[PDB]
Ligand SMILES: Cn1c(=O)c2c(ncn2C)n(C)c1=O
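Single chain ahead, written as structure tokens, the form deposited without the ligand.
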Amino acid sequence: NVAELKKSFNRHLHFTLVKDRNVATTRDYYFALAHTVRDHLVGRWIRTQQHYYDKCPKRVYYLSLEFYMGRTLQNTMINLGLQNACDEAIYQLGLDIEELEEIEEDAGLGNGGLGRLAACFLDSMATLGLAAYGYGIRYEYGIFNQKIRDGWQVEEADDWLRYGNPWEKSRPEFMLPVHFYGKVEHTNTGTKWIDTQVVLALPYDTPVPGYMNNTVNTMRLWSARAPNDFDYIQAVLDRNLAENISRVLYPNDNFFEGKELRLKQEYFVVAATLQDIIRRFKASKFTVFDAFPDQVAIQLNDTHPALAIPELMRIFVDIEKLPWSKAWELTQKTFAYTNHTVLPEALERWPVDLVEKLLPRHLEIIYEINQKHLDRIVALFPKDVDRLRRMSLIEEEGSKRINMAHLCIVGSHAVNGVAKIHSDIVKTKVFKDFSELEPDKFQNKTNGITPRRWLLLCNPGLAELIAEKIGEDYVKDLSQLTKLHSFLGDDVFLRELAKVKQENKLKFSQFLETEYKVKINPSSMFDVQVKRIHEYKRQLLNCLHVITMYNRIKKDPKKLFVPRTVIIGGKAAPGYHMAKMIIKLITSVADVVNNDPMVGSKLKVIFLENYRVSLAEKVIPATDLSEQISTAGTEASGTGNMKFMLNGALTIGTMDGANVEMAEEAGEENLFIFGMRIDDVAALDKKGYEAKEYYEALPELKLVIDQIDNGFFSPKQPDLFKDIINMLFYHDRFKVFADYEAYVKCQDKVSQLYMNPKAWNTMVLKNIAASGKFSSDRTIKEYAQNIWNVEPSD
């Protein structure tokens, strides 16, 4: 009822914001509607927790250093079935719903795909009706806001909580202490962890509404506070050091920075979370611990929470006094581990000395785990000397580091990767030693995305067209998109789909031009690469094509060119030198291409600043061509690739990650595949990569490189890109030049299909009808039936 939403909105503006219509700001109006929406899920939120208590289904705990949630307001209105009615209430009050919605800050508590997978997973688990909780840290500052100054990336603190967060509720009654430093005592009564510093963990709960059912799950994020208690003023100011633990998200994507503060974040979330889970188990209706793993499944989102394993043992053994053997069995039955990482600089390998200083009892537990584990490998392969050190959790040359991924393997009953190709590599290659010993342990769960945020919310244009032709059933069961196959005839439908795309591109062009000076050709193909800046992901390669395209327009100003707007966006980690140069390069190239009247409206280049969830929601539905061009074997899965496939873009990319599986589903000819498969990378490695050759052998490449190296793109600073040229020529692990030729030929095929609207849109249709498999709902049912041993319900 619209009328009761208006009344609610007005009660909140008056009692909650203390405002009337003459002095209310847009923010006041935003908070008023958010409270009004939140009030509508309270009944289900309470009932849902009551239900789990009454029925005791086995509970799933998603443990993660990252939750890339984006904005809550719209997502909540849609999942509650309240968007139409709220829209209508706000309209009648004389307000602009878009404007209210833009005021909300992103909860940008993740870096990219790992964080965003956790968020799709919550949406899905709640939609499927599972008893799931996400546990993470309530960062005061999420991933930084990126601005571009003088074409370089500059970082601003992302102060997302400054004005308050109507979507969280503090849970003071569930505050817990966490322990750090101190020392081990071995005594008559057992092994004691003593003289520790204490930091308080205060949880805050955000609701996670299922799509059109009665379920609201909880995301509980922990915030660090100084104990209570304890130059007096200085001592009050130093309470800051304890709160520094949950201050800011580490902004590395696929890279391991072994800093102490980060190790503290990791212990912090793991110690608070395990205590809470044990408190809930004990208050439940369930050798008191025998039933623990039938009531509890904890999923380790990469190695970041790996410490959960020895922490659970610490609790079981030091506090609850269970025998080691019994505790170890319960531990293994409780945890499952998701590998996402692939790349050697991305692997967590903590210095034994750092751990000893910070968590000396956990070191002992880790050594002790490693002993049993190794004892059992000796017994099975009595004089395989080297198997012992390949399989040891400790890595011994020089420093001494704990290999956290081995810790997670021995402590879990399931290890999975995130796409067929990735899981296969993890299994037969990277942890070959481990899966021979127990093959049934390793599995695959191909990633997915939620079709709530990533179709209904971001693309109401397309959602409705689909609903006109096939019903609204697809929202709960995405495989029904295959029905859009029966419109392969329909030129009418094919014009309707191009029409949706068109509007999205117009909408997004309004945005683009208010922010970038640049003039957008509305009839150009929107060509888009948006994802974190990393060498493996090869924004560079895209950039080499952009220049290749420019060099072609110049030499033949008259020849036919299919116009492009080339969009490339993403954040670079602040300490990642090469990624920052790559950004400088793209913006330098943009400057040249954009102001050249020779090229004019044929081709425009935009660096998209501050790429983040709520921006992806704008740019994805406006995309014609999705760039997914990581070197074969580097992208564990990808999820951007799936977002685009579902939103009517075509894909150019390598046989890597979930691109393989998208090709399987749409038909390989309905995507633009190109480049080395993973065997060719293997072959090229073995024979040695000589970058110089492809540069000699290929006229179009050479020009591009000569321009970059010489100052074409930086006249005022002709040696600007020296470190790039340098890396491409002598140190490129990702073989950019090696894929240059197949990539440029592939793009030419793309450009000529686009000139044919009916054939372009025919392929787009086969992509959308094939995207069903990529719903996170499919992903979550798989984890449920094969890892967690739980059942979807309502």
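Superpose the two forms; the largest set of C-alphas matching within 1.5 Å is the rigid core. From 1 onward, residues are counted along the sequence shown.
Rigid core superposition in 8 other deposited structures of this protein puts the Cα atoms of one stretch, out of 85-93 and 153-161, farther from the shown form on average, and that stretch is 85-93. Take 696-704 and 330-338, fit the other structures onto the shown form by the rigid core, and average the C-alpha distances in 8 other deposited structures of this protein: the farther stretch is 696-704. For residue 624, the fraction of other compared entries lacking coordinates, among those that model flanking residues, is zero, nowhere near a third. Gaps at residue 230 occur in at least a third of the other compared entries of the protein that contain both adjacent residues. Count the deposited residues lacking coordinates between residue 230 and residue 231 and you get 4 to 9 of them. The segment from residue 381 to residue 382 is modelled without interruption, since every residue of the deposited sequence in that interval carries coordinates. In this entry, the higher average B-factor at the C-alpha atoms falls on 785-793, of the pair 785-793 and 1-9.
Legend: mean Cα B-factor per stretch from the PDB entry, 313-321 versus 115-123; the higher mean is in 313-321. By the numbers in the PDB entry, the CA B factor is greatest at 189 among 189, 443, 275, 83. The residue among 452, 571, 413, 552 whose C-alpha carries the highest B-factor in the deposited model is 552. When all modelled residues of the chain are sorted by CA temperature factor, residue 215 is found within the lowest third. Compared with the other modelled residues of the chain, the Cα B-factor recorded for residue 527 ranks in the middle third. For residue 43, the recorded CA temperature factor ranks within the lowest third of the chain's modelled residues. Sort the chain's modelled residues by C-alpha temperature factor and residue 710 lands in the highest third, per the entry. Among the modelled residues of its chain, residue 265 has a C-alpha B-factor that falls in the lowest third, as given in the PDB entry.
Just so it is clear, the following notes concern the form solved in complex with the ligand, a form of the same protein that is not shown.
Using a 4.5 Å cutoff between non-hydrogen atoms, residue 123 does not count as a contact of the ligand in the entry with it bound. Contact between residue 254 and the ligand in the entry with it bound is found at the 4.5 Å heavy atom cutoff.
Residue contact check for residue 557: none of its heavy atoms lie within 4.5 Å of the ligand in the entry with it bound. In the entry with it bound, the ligand sits within 4.5 Å of a heavy atom belonging to residue 534. The stretch in contact with the ligand in the entry with it bound, judged by heavy atoms within 4.5 Å, is 568-576, chosen from 382-390, 568-576, 152-160, 599-607.
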